[PDB]
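Here the Cβ is made from the backbone with ideal geometry for all residues, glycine too, and neighbour counts use every protein chain on show. Taken together, the values in this text are just the output of simple stated rules run on the coordinates, not laboratory data.
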Amino acid sequence: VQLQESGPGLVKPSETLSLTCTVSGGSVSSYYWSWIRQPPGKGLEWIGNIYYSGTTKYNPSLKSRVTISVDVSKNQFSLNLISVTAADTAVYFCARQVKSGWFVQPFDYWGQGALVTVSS
Amino acid sequence: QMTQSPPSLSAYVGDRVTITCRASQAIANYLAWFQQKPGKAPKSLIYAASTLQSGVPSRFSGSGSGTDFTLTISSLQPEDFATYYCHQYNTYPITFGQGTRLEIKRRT
Amino acid sequence: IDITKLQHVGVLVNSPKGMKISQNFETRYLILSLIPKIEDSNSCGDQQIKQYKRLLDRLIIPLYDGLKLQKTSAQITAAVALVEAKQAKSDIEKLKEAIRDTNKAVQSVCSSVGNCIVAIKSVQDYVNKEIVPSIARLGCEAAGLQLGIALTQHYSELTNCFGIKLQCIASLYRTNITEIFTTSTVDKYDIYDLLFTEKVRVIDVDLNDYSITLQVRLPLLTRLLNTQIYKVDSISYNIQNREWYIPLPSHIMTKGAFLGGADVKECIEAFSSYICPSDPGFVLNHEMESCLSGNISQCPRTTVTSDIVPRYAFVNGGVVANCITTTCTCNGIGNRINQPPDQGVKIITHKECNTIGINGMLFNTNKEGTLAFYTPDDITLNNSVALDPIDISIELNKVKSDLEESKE
Amino acid sequence: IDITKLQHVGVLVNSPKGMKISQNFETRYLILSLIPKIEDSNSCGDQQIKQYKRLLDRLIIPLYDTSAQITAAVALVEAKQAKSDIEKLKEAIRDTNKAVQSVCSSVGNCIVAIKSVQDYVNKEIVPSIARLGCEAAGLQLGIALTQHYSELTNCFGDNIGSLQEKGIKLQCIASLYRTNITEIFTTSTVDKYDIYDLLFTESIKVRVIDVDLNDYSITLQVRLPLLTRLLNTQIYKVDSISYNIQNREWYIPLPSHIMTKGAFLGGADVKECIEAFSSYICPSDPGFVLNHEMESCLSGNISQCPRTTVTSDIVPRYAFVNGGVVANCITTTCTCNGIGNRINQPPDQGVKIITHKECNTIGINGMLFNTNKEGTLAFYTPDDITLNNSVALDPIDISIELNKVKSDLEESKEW
Amino acid sequence: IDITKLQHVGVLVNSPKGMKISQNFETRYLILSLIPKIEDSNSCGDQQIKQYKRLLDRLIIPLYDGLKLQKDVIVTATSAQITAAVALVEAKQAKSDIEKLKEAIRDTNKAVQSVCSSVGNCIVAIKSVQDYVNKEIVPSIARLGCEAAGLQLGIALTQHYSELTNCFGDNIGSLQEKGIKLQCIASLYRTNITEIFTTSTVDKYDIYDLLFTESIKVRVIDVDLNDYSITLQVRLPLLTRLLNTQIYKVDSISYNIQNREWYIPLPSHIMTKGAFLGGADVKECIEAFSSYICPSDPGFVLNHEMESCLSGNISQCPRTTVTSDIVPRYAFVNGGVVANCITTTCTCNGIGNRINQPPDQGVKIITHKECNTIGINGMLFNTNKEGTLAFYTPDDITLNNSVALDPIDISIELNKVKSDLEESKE
């Protein structure tokens, strides 16, 4: 299907941040989505999932910092976090993945890139 | 936790090319090889180590289970010029590895 | 029963409280069905879902040899119960046939003759909660994981108690306890009184479906009247500086208008009630009850060997005790209150004791248990019995020496 | 044994069985191991449990130094040699390739109990590769081993005395390893026999002779008897009932079991002795040996029997003797609703006897069935009986009658 | 105490041992919070907690009913209720600290709470399962999801509920008069006893006795029904030696006369303390290395004939007609080995012979010297030290204090005596 991000790309430190992500097609409320980021240099760090029943589960490497949203009508979902330091200068993809057996895996499915450039 | 056997492979077209991701802790449940291509949007490729996705060609395949795992490819072409990764699901934080910057050869 | 004249020799008597026993029983038959049927789906099944079945059911089913002995009579009470179960076994099996492949309807309320065999299926409530993982969320293999471990746990809990006590087979079905245990018989009496009661039993068993069959009794409580239970608590009293007590049971009662001992060891206290099926009326010596009736001067005695605090205790605020092993210090003014050698105790009353502090423990007066009057009596030490039989053996052997040397 | 009169006075003789004793002391030494396997290092929760198991063994390590201690030390010192022997093999077999493997010569075994749940672990393994998680496998393993720990601790939490005596017993260890050992309990030892007695290994006791704090293992000397009959020794097992007298209800007490042998007998105690289809099994011949008077009561001048006052229960309604009925119907009134009447009231009687031929279906307090009823029994004999053995049991009552006799004899010896 | 001369009528008197008593009442208090706390329940395990909560009513409500009954004529019925309620009123004085400090547990997750007013006197608490919930957290977050962690929690709480219901065993509505032991609550946590039962205050004496409080029992003084807490009056002893106190043991091995294996009956334990002489009831109290720890002073009084038997006037020792136990037949007295050498054929193979005994002599001692190889069934053994003859062996012995032990036998005998009285001077 198609996912697609939206929002600004500049945040001054120790402020709030929030960016949106919406589908173009598909069908919400039948399964989850999730959020993945990485710095421009190295690595790939999972942030947390979003479940259509208003349930989220997060990587405790970023414990008690973050919240993810639901939007069933507009078929979207977004982020809201508060400890927006500068070292999180990164890119924030979107996930849309599906069942397999034991428990279910989110990954890259569609996201061109959330151009984040934080600054002082 | 996961990692990558080569950080890069200067592999020219026309040979077998593969990988050995080793699980740490060594364990069964499976790893979604996906390619990230800088400049475009990524996508997930091999869910559960041989069930390659819809529409991806049969050139790729995955062979193994448990403590480590490896690839199987032949008949190479340049369009697969993208950094792949690997994965460990069943330790809930959704781990990845450092990366495999493939580099095709015989520049035109 | 005559508390008044007994206060003077250490007696306490707590209160009159009646009985409430089982006379209408309402036998019910319960079948246990097992292997919680997955909701009508496919693609999952395992073997240790079944392994334990042969194991337990084969421990159990050979216990049939000790049933035909029909050719303490609880043997034949059991026999009559089993005959009635036999008589109903036809509809038992018909119901079982209906419910087995029906793979839903966790509890059955058919009510053909009496209440239906409920056919408590092991897990199906949780399995209904479980399915939505197994379908539209995940595969049935994570379900197989969760279900395997949970079913094994439930089995491990079975094996604790499989002469069963019904509360444990309740505890198997944690939610399902109070519902059926309350509403099988329409319980307009206190549910809590029913909760105290506990016997549950197996009559036979299936092995191909592996279902267990039980014969439950679930009685009614009919208050017997003109009969009140008493508790009893005796204490010391002294004679010639010899501290002797009065042996009596833990309880006594007044059946109708006659008397007798009481054994509520079976049953639980209440505010007016003692929930025991059996009616303990254990007759005791006419010599003993002559005192309880009132003829105190023919009571038994015994040399004391206990701890201290059974040498003093309350009677309606005003304290009663031996004033020798615990020097009576009424704060009127605080000073030692010794006895005559004639007496053994003193019934001290609302004379000056405003708030007594004997033994360092300061507390308050305003006695109400009346008859502020002591006891003069005969030197009535006649029945100086001994409890342990050894002393009696040596006593009578001295008697034997005496009679043998004096007979010549 | 005038059963034809015992029926008439109340006492009954039901289910005469045999007797056997395993007076032998065949022992084999079978031990514990408490640390199961893992592949490439799992250890997912195996460290959370072993200091905990050491916390159990805390009150198992100590030791110190009586006509039973002589046994508990002579067996142990005669076998301290075999203990030193099995030390080497213990060192060899602490580590394994499978759960259930141990081997020794000198036909007597040394086969260990086994790494406790390693059976279920060998079942668990093939998930954990190719299907499952370290996390999930350790989850299963931890819950399993904790179940096993509690199941262990109930048998034997501790040393301090009188826990090991009704602790470690082989059948409780069998209950501990029950899921594992249901098939192979008989096979662990070489001996074979019928289900009931030796295959059952009647409720025996075993003592931990050595313990290894360092490697979490216990050295158990399993005792294992050898059985053989005892002939010319049968039983006439016993149960009593009520018996009316003067409209009052008395009885006669007797044991729960007895035994006869040729010309001797006794009310043999069989609490530590399991009852069977034809012959029960005491580990040693009991000696519940009794009065000449009560011997006569049993098997002779039955007028010399005692007689005592019921107080607890109405024991009739288990009134069934060879199809017939034997109960206290003078007061617990009865009915032959076919062949119709009410059962009568011979005042000297305490128990009527009613045959299948007499009444073709007997009633009681108000139910009506029939057993077979064609058995073998007869009676026509009214009796009047001497009364010179009135006794009681309540020590208060004995003492009071003694004090009454004191009063009488004091009057006499002053006179 | 005539320790020696008894050893030709079948006695082992082991040895003197001292004694201790818990003179004082050193007292700290404990409280419990029977729920575990989770840091975040994002729709996580709460059904299991509700199940446990509903189950716990059955155990907790009779306790509150009894505790409510505990009150006497109030100063705001039965014997030990007196002292219990007085101790509850003395706990009313620290109710202030208790009720101030109960909230800090619910406020903050923690395994053990060590908030205390003073260094010496401290009051602490334990969440029922939190020591294990700190690792039940990780299957719920960042190892797995909650769908099965909740299940693990359920099984954990059920095990714990049975493990508490065993010891607070609701046999009766008015059970509170029975004592809950320190060891069930010791096992409430698995591996915190050797810490807290040694650290709760200054507790110096070693693992053996003072840290071995078996007999001790515990009150209940505050039970709640909204946060579901328990409070416990935790007594604590403080021990020293007691003077001139010699506690012996007592066995009784048969001496058979004319093929009648009989034995003197005696208590388990006998003690002596200056003039005191009585056989204590020490089953409740510990056997130590050299001195018995019992809180009370269990010594009491016995038949005069028994003291005369112990004092040395042995001709009044009561024989007893029996089928003896398996015990009374033979054991060793500190080198001097005694048996009943008419039933068991004590057979010195060195020199090879059956060992001679007359029917007159009840039993007979054979020491280190008279036979190094004292012979019975399984003798490859050691023979070192003294068992002294010291009885003017052989001697004449009387029998005139024989007894019977079962009541019905006595009833028979006294019925005979009644007939004989009615026959003698009638």
* Any chance you could check the Cα centroid distance between the stretch C:249-271 and the stretch B:39-75 for me, in angstrom? => 81
* Structure fact -> Across B:41-47, the residue-averaged tally of Cβ atoms belonging to other chains within 10 Å stands at 6
* Asked: Which of the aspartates and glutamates could be linked to D:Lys357 by a straight reach, that is with a Cα gap under 17 Å, when you skip same-chain ones fewer than 8 residues away?
  -> D:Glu374
* To do: Please state, as a whole number in µm²/s, the translational diffusion coefficient that the Stokes-Einstein equation yields for the protein assembly as shown at 25 °C and 0.890 mPa s, with Rh defined as the Kirkwood radius across alpha carbon pairs.
  => 63
* **Nearest-20 debye value, the protein assembly as shown charge dipole, Cβ charges on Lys, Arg, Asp, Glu** => 5440
* So for chain E, Kirkwood radius off the Cα pairs, Stokes-Einstein at 25 °C and 0.890 mPa s: how many µm² s⁻¹? -> 91
* Asked: Among the listed pairs C:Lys5/E:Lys181; C:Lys71/D:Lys271; C:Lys86/C:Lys199; C:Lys121/C:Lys265; A:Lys99/D:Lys50, which are separated by more than 29 Å between their Cα atoms?
  -> C:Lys5/E:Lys181; C:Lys121/C:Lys265; A:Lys99/D:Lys50
* Asked: Could you give me the ³J(HN,Hα) list for the stretch D:79-92, computed from phi with Karplus coefficients 6.51, -1.76, 1.60 and θ = phi - 60°, whole Hz, x at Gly and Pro?
  -> 9, 4, 4, 5, 5, 4, 5, 6, 4, 4, 5, 4, 4, 5
* Going through the stretch E:276-350, which chymotrypsin sites (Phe, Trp or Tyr not before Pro) have at most 10 other Cβ atoms within 10 Å and a DSSP loop state? -> E:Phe289
* Average partner chain C-beta neighbours within 10 Å, per residue of E:332-340? -> 1
* Structure fact -> Non-local residues with an amide H under 5 Å from the amide H of A:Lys57, with H modelled 1.01 Å from N and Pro and chain starts lacking one, are A:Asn49
* Using the Karplus curve 6.51 cos²θ - 1.76 cosθ + 1.60 with θ = phi - 60°, work out ³J(HN,Hα) for each residue of the stretch D:238-249 in order, rounded to whole Hz, and write x for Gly and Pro. => 10, 7, 10, 9, 7, 6, 6, 7, 6, 6, 9, 9
* Could you give the dipole magnitude of the stretch E:81-229 about its Cα centre, charging the beta-carbon of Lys and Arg +1 and that of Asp and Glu -1, in debye to the nearest 20? -> 100
* Give the cross-link partners of B:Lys105 among the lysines, using a straight C-alpha distance below 18 Å as the criterion and excluding same-chain residues fewer than 8 apart. => B:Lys37
* Which of the chymotrypsin sites (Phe, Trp or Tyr not before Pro) found in the stretch C:200-260 are loop residues per DSSP with 15 or fewer other Cβ atoms within 10 Å of their Cβ? -> C:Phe258
* Asked: What is the total of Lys pairs in the stretch E:252-404 with C-alpha atoms under 30 Å apart, excluding same-chain pairs fewer than 8 positions apart?
  -> 4
* In chain B, which longest range has no chymotrypsin sites (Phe, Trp or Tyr not before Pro) that are both DSSP loop (not H, G, I, E or B) and surrounded by at most 14 other Cβ atoms within 10 Å? -> B:13-80
* Structure fact -> Karplus-derived 3J(HN,Hα) from phi for the stretch A:106-118 (6.51 cos²θ - 1.76 cosθ + 1.60, θ = phi - 60°), whole Hz, x at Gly and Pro, runs x, 7, 5, 10, 8, x, 7, x, 8, 6, 9, 9, 6
* Structure fact -> Cα pairs beyond 18 Å in chain A, in percent, come to 49
* Mind checking the mean number of beta-carbon atoms from other chains within 10 Å of the Cβ atoms in C:151-160? -> 3
* Asked: What is the set of long-range amide H partners of C:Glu269 at a cut-off below 5 Å, with H atoms built 1.01 Å from backbone N?
  -> E:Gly173, E:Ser174
* Where nothing but the Cβ of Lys and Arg (+1) and of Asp and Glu (-1) is charged, how large is the charge dipole of chain B around its Cα centre, in debye to the nearest 20? -> 280
* Structure fact -> Non-local residues with an amide H under 5 Å from the amide H of D:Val325, with H modelled 1.01 Å from N and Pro and chain starts lacking one, are D:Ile354
* Distance from the Cα centre of the stretch E:158-186 to that of the stretch C:322-389, in angstrom? -> 37
* Structure fact -> Candidate cut points under trypsin sites (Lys or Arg not before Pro) in the stretch E:207-253, DSSP loop plus at most 12 other Cβ atoms within 10 Å of their own Cβ, are none
* Structure fact -> Sorting E:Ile264, E:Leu238, E:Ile216 by the position of each Cα along the dipole of the stretch E:211-298 (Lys, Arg +1; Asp, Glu -1; all at Cβ), the one nearest the positive end of that ordering is E:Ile264
* **Net +/- balance of residues flanking D:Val103 in space, Cβ distance below 15 Å, scoring K and R +1, D and E -1** => +2
